[PDB]
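See below for the structure under consideration.
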Amino acid sequence: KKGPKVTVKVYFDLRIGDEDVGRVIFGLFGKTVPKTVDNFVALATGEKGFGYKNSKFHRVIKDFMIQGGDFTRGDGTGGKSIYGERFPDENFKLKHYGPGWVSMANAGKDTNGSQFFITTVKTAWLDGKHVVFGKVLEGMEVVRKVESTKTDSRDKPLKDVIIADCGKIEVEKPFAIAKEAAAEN
Amino acid sequence: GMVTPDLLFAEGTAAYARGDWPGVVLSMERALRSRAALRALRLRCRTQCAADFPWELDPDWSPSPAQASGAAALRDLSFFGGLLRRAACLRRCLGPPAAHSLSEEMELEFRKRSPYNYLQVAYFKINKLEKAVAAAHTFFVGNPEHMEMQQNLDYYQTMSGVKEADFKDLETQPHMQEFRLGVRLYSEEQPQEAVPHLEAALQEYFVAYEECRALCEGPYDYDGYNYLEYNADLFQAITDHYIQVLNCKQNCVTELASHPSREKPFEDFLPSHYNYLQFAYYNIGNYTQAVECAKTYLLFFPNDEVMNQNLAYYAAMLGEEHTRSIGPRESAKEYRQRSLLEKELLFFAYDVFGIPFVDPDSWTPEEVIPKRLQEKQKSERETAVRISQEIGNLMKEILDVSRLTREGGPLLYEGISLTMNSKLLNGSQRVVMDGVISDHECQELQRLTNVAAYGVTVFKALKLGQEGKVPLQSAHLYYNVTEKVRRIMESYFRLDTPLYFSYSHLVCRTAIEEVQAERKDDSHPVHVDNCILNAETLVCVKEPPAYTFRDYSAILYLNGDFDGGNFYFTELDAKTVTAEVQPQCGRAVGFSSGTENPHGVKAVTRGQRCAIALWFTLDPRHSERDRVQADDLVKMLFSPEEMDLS
Amino acid sequence: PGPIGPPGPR
Amino acid sequence: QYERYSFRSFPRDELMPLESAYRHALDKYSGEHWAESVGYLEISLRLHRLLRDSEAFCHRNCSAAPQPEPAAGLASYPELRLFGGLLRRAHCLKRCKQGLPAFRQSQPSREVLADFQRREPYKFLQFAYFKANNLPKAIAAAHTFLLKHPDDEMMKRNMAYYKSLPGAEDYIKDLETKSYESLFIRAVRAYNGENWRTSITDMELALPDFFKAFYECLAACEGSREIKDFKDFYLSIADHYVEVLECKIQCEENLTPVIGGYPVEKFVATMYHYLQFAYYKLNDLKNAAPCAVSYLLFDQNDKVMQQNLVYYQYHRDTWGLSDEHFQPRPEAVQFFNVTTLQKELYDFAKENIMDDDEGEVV
Ligand SMILES: *[C@@H]1O[C@H](CO)[C@@H](O)[C@H](O)[C@H]1NC(C)=O
Ligand SMILES: *[C@@H]1O[C@H](CO)[C@@H](O)[C@H](O)[C@H]1NC(C)=O
Ligand SMILES: *[C@@H]1O[C@H](CO)[C@@H](O)[C@H](O)[C@H]1NC(C)=O
Ligand SMILES: *[C@@H]1O[C@H](CO)[C@@H](O)[C@H](O)[C@H]1NC(C)=O
Ligand SMILES: [Fe+3]
């Protein structure tokens, strides 16, 4: 089986208000989609002042996905990249094969910002519109825990979900992965 | 690794906000250099890969009996072997293809020379006034409608340290500067100093033309999200891409002839070079070059009377043997021959595939245009002359001049009545008509939009009808009514130019009664279909984020069984209301989409609101691309023609 | 006993 | 389901999109209505054949045409000549496709076309036939599916049960059969039965049919692709061709006949081997020598044929031969050139064009 090669890994630590529910490890495809992995890694490491630290998930719609990455405004209208404000779509070489595939959220065409979502079920109606650049490697149980928190009519979680930390883990040898669902022990 | 320009530009803008002048100078200079280096790299390997693997030519095809199939296969294999060799060479230079891509907002930022604005402020703040005045002059040349730049340059010039000669342009192309300098020197009657500048301008022009032609092989331009339904086979995809590339190469002619100081390009750029040169050479006393330049001018416009008189006078002054000895310049000959061949190919594609081409040159002979296109052009000329004569008669029979010369219209079809003209609607370029379609047509279109569910385009409706999901009579009626509205609206407003489609969709709006709580906010703010409404300063900016080519707008309503949903025309401050129209069946409101007609729609309180929205263009380059395919589909579906299968 | 037939997708 | 089929006169009663007919057939299949599902599956098969034949007829008028010679000046600009010729060919294709009845319906998706190519529908068909008391057609359809896929689990069980059934030992036939296959079988039988002229006639009929089918199959592979990256002119024109080239490379093997459950290896060289022996036994070496040279062209590591060549060479003057009777037949040379060029181009493009952004999972 042929699969994409992962080049960098990033980690998040999540907190639901007061409990620390765990750590999530993403592995990003840097040789397939560069300039989109770079934006994510730069914003995670916080090397330019602004970053994902102390940000929040604002859409936890059940059985669909969890979205976050708006560090400027509380709602889902803010966010900026390192290449200005918005940058164009690169290539749709990968699809949404199942749970745990990370992708870029956009409000039209060529409007990628800094907001991402993690799909929890297979979404084949989104292919060709959103650009996919990663896959969840560890901590699928934490994603499942966050997906089941109580929401409201606008999908804003009643208790806040906070990225209490974010960083970067280096990979010495690129390796391929399977183009299917992930983990789910 | 030549960091991309936009990352450095963002760094510089942030530093400017913070107040770190060394940061902005460092970052902005790096951004400029990075853009230049990437452009030079692209130019260098495109030229190198073209010169390593030249195109082969074996057009001696043989239709040998029982051997035509294999010969065709071998010919295709020759062509694609050559293509793959060039692609491998290009790939092994260029490097990472992510570096040469940047958004359109950044391109707009770079074409207006914003980094020079930032740099001049920074340089003044850190006392480098020479570079400050250079940057200020470059920015001022780029944008001529800035009084702030003018006063800044005044302040710099009064201060001791800088002179008049310090004003050097850091961005404009060399051939344009040489031409402008030589033409200015000509206008002061100093022919001795005019010829070397003009000859340098000619040489630079040819070099810059070759450089621009090699940067035109970029990505294909899918119109929006239509890359998800692109179904062209190999030889049709190649043809579409090549026609686009050729069109760009031909439009490089009108781009090398434009300067930001002028609002239109120079007319007849290259022949004008020769026109100036011949008279300057004559005034010097060099007759041989004079007759040579006259002869190379006559090769573009071969029937001119003035230049023929000049050549006859020179030849009388000279001897006939010398005149018959000399001929035109060879660079001009090669230029002209290649241009004619490319134009022939582009006009053929326009005739057959329906892909429009607007000629950038006024020296093209009529022999390179097919007969169908010539008939169409003659018809357009005749209608323009007729419209002008009618307007002249009306003005003889004479805001009010505007309200009269360009408002009355014949209203071709029957049953269409003028409900409100512009005066009763408080403005200019306004009309409300009634009875564009009957009730049965409205019901059929309503069924079309209810079943297929909400913007549905005419091409998409035709495809859906072909599959079987919607009735086909509905799709054909949709197509018919769109074309009918276009014709009536073009005839009402007294237009001499033809009118082209831009976009159209059928939309239904539903009211939800469970989300009406505390809903005091308006459904949609006042806007202008042309530019972005800045109500804060009561101005409008025509910018590439907005659809600046749209000229006229129209809406026709298909039902009146709801409450709310009014349409109003409003003033620029976006508060007061000037006129309101009540949607009904068959009522059409049409207006010019400029900045003199800001409009808005209210919220629907309950019911169903369904209408058609249409936008039209006067620029043939910006025509609806999906309309050609819809026309082909209609011809195929409703006017079949077999081909003698026996 | 009986040939196996495919499950009906639609 | 191919008796009432004619390309020239296709009934206007059953002209519907291929996808809709397939959808209705599967809907009735899941509804336990067998007769209607049989009818609709047969309709969809006939529609697929009509689409394929229309495409073949269209690609013959345009590409295989005499060339217009342009003026003397255009001979100094090679790129414009090449792409103007491509433009003219594309226009001829588009103009020719509008007039054919099969192209004025809605065209199917790539998934459905690949699905039909993989002979999947036949699965359903065979089951349906069993439920309508059509045992001979049931075993025929099972055999037709099994012929393309020999490693399926359920189909082997079905075929074992069918073969257990009495009488049904002689209805085994391939429903998707070709002309050259039957001609080859007949000629082989004649050769084995000590008769030479009949074998010669049948093989000489079979060769051009194979070549015509091969070139139509090559021309049918130049289809569309799905757009997923936005590259420059030469870099994207050369990515479409690489997919087309994969499909073309995998095309001589699909047309090879299968006898006894094993594909016949070296089909064209085998034809020439048979032809050469038959011509020898009639002492007509004037036709026996070129076939031997053609066989040696296709397979250069056969000592038997090289010895035969020596035998023919040394007797040149006895039978009055000329050097003109020592070259390969031209059709074989064309076949050899096309196949070898395709393999070389694909091997080249699998080192310089195709990106390395993937790997094997471990
Ligand atoms: C005319 O100009 C050409 C080139 O500019 C020069 O070679 C020639 O000597 C000139 N003729 C005279 C009479 O000066
Ligand atoms: C559309 O207009 C054409 C041209 O007159 C006409 O033949 C056709 O019947 C019309 N279709 C309708 C009314 O559905
Ligand atoms: C291609 O089709 C047209 C349509 O009638 C026909 O006139 C022409 O002869 C055909 N071309 C060839 C080479 O048969
Ligand atoms: C076809 O192959 C033969 C066998 O070597 C060779 O002589 C001929 O040049 C080839 N023709 C091509 C490659 O066009
Ligand atoms: Fe509007």
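Protein chains in written order, with PDB author numbering: chain C, 5 to 189; chain A, 31 to 428, 440 to 494, 514 to 706; chain E, 112 to 121; chain B, 27 to 388.
All C-beta atoms in this analysis are idealised placements derived from N, C-alpha and C, irrespective of residue type, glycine included.
Measuring alpha carbon to alpha carbon, tell me which residue in B:66, B:86, B:208 and B:301 is nearest residue 221 (chain B).
B:301
How close, in whole Å, do the beta carbons of residue 472 (chain A) and residue 463 (chain A) come, if the pair is a contact with beta carbons under 8 Å?
7 Å
For the alpha helix (DSSP H) that contains residue 331 (chain B), what are its first and last residues?
329-340
Nearer than 7 Å: is that true of the beta carbon of residue 91 (chain B) relative to any heavy atom of ligand 3?
yes
Chain-ordered neighbours of residue 137 (chain C) on chain B, where CB pairs are closer than 9 Å
Per Cβ cutoff of 9 Å: no residues; residue 137 (chain C) is ~13 Å from chain B at best.
Please state whether DSSP places residue 95 (chain C) in a helix, a strand or coil.
strand
Between which two residues does the beta strand (DSSP E) holding residue 105 (chain C) run?
105-108
Rounded to a whole number of angstroms, what is the C-alpha to C-alpha distance between residue 394 (chain B) and residue 59 (chain C)?
Past the edges of chain B, shown from 27 to 388, lies residue 394 (chain B), and the structure says nothing about it.
Mark residue 258 (chain A) as exposed unless 16 or more other C-beta atoms lie within 10 angstroms of its C-beta, in which case mark it buried.
exposed
Identify, in the order they occur along the chain, each residue of the same chain with its Cβ nearer than 7 Å to the Cβ of residue 122 (chain C), setting aside the five sequence neighbours on each side.
69, 70, 104, 106, 140 and 147
Give me, in chain order, the residues of the same chain whose beta-carbon lies closer than 6 Å to that of residue 374 (chain A); leave out the 5 immediate sequence neighbours on both sides.
398
Pull the bridge partners of residue 8 (chain C) from the DSSP assignment, please.
B:384
Are residue 152 (chain B) and residue 41 (chain B) closer than 8 Å when you measure CB to CB?
no
Contact criterion: CB-CB distance below 8 Å. Does residue 29 (chain C) meet it with respect to chain B?
no
Between residue 249 (chain A) and residue 256 (chain B), is the Cβ-Cβ spacing less than 8 Å?
yes
How is residue 675 (chain A) classed by DSSP in three states: helix, strand or coil?
strand
Which value, in whole angstroms, describes the spacing of the CA atoms of residue 376 (chain A) and residue 173 (chain B)?
51 Å
Check distances from the C-beta atoms of the segment 82-95 of chain C to those of chain A and list, in chain order, the residues that come in under 9 Å.
84, 85, 86, 87, 88, 89, 90, 91, 92 and 94
Can you find a heavy atom of ligand 2 that lies under 7 Å from the Cβ of residue 540 (chain A)?
yes
Taking one C-beta from the segment 29-49 of chain C and one from the segment 83-94 of chain C each time, how about it: are there three or more such pairs within less than 8 Å?
yes
Got a sec: is the Cβ-Cβ distance from residue 356 (chain B) to anything in chain A below 8 Å?
yes
Can you check which of these residues, B:52, B:33, B:30 and B:369, is closest to residue 117 (chain E) by C-alpha distance?
B:52
What residues match up with residue 565 (chain A) in a beta bridge as DSSP calls it?
A:673
Let me know the alpha helix (DSSP H) ranges lying completely inside the segment 148-210 of chain A, each 4 residues or longer, listed in chain order.
159-172 and 177-188
Helix, strand or coil: which one does DSSP assign to residue 35 (chain B)?
coil
Just tell me which of B:315, B:327 and B:364 has its CA closest to the CA of residue 346 (chain B).
B:315
Chain E contact residues for residue 183 (chain B), given Cβ-Cβ distances below 7 Å:
115
Answer yes or no: do residue 551 (chain A) and residue 453 (chain A) have a C-beta to C-beta separation smaller than 8 Å?
yes
For residue 154 (chain C) and residue 165 (chain C), I'd like the C-alpha separation in whole angstroms.
11 Å
Helix, strand or coil for residue 606 (chain A) per DSSP?
coil
Per-residue burial, residue 526 (chain A) [other beta carbons within 10 Å of its own, 16 or more giving buried]:
buried
Just checking my contact of residue 234 (chain A) with residue 194 (chain A) at CB under 8 Å: how many whole Å lie between their CB atoms?
No, residue 234 (chain A) and residue 194 (chain A) are not in contact; Cβ-Cβ is about 25 Å, not under 8 Å.
is_contact[residue 36 (chain A), chain C] using C-beta, thresh 8 Å:
yes
Counting only the same chain and skipping the five closest in sequence on each side, list residues whose C-beta sits under 6 Å from that of residue 43 (chain B).
131 and 132
Quick one: residues in its chain with C-beta nearer than 7 Å to the C-beta of residue 688 (chain A), no 5 flanking neighbours on either side, listed in chain order?
384
Taking just the CA atoms, how far does residue 371 (chain B) sit from residue 383 (chain B)?
21 Å
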